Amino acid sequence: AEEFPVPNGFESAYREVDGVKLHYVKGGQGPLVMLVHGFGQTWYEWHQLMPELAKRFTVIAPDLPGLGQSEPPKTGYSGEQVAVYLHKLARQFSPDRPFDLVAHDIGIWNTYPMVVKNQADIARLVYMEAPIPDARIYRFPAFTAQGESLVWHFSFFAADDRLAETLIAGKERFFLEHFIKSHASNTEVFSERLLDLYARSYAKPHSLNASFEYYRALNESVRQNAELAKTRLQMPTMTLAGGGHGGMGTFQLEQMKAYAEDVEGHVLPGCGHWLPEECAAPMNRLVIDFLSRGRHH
């Protein structure tokens, strides 16, 4: 069974990595690029970019552990633990050559440690729409002069006693529509049909729980990254962020400058958090062009 429609000419399959069955969608030929989704979504956020990249690359888009059709992690949900699964998965498909990495939202949290620990394995890097977990996250406001803060959910999801699962169970579809639209500028792209697809996936009880465990592990990830960040990234890096409602604006590039020696950043006007769907044309173009500076076919 498939939760989301696979693009024509791609395959949906699984690889067991360290005892965990990871779902991925793969297509194309050439050097490998791995696309890693974030919270509220699955590999499917990349389904418009995938066919375009597959003209020049082998493209793989996994479901994060516990989300989509991937089994929960057996170790834990901190960035360093999850990154092991992702690094090993990618290296199964590209054992002898570096691969490219594109990550959105908590995809960043779940890949940063494997990038810094295996720099030679990463040719080029694109990060969009989430802070790397570090002390900067403790400075985000709980409440703003415009109202509902964009990261209040960090505390909601991290709260003990399964506060978030308990309140959200049975109302997953309602909650996700609010969360997604509240973080968007171009809300019109989030049709009821599309929201139904994403909600059905994260409503699986293990997936709802997994979602929140990433936040319960956030402070551990921050502690992990305080050590890891002693070495700056050396590979070409690009950041993207939305400049509209819900977007991170200038924060993305500014933080990345502290992490990377070679970084270019873009803020996309009139686009919020959900770049691949809110602003498919300019986002896809930026990603394709950036990755095409390296060898492809």
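The first residue of the sequence shown is number 1, and the count goes up from there.
Query - Between 273-281 and 12-20 (mean CA B-factor, as deposited), the higher - result: Per the deposited B-factors, the answer is 12-20.
Requested in this report: Taking the mean of the C-alpha B-factors per stretch from the entry, tell me the winner out of 154-162 and 90-98.
Outcome: For C-alpha atoms only, the mean B-factor is higher in 90-98.
Query raised in the report: Highest CA temperature factor in the entry: which of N219, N118, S207, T144?
Result: Reading the PDB entry, the winner on C-alpha B-factor is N118.
**Report entry** Residue with highest C-alpha B-factor in the PDB entry, from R136, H104, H183, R200
**Finding:** Of the candidates given, the C-alpha B-factor peaks at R136.
Query raised in the report: Is the Cα B-factor recorded for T58 in the lowest, middle or highest third of its chain?
Result: It falls in the top third of the chain.
Report task. Relative to the other modelled residues of the same chain, rank the CA B-factor of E177 and answer lowest, middle or highest third. Result -> It falls in the bottom third of the chain.
Report task. Place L228 in the lowest, middle or highest third of its chain's C-alpha B-factors, as listed in the PDB entry. Result -> Highest third - that is where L228 ends up once the chain's C-alpha B-factors are sorted.
Query raised in the report: Taking the C-alpha B-factors as the PDB entry records them, is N110 in the lowest, middle or highest third of its chain?
Result: Lowest third - that is where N110 ends up once the chain's C-alpha B-factors are sorted.
**Report entry** Chain-wide C-alpha B factor ranking for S211, given as lowest, middle or highest third
**Finding:** According to the entry, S211 has a C-alpha B-factor in the chain's lowest third.
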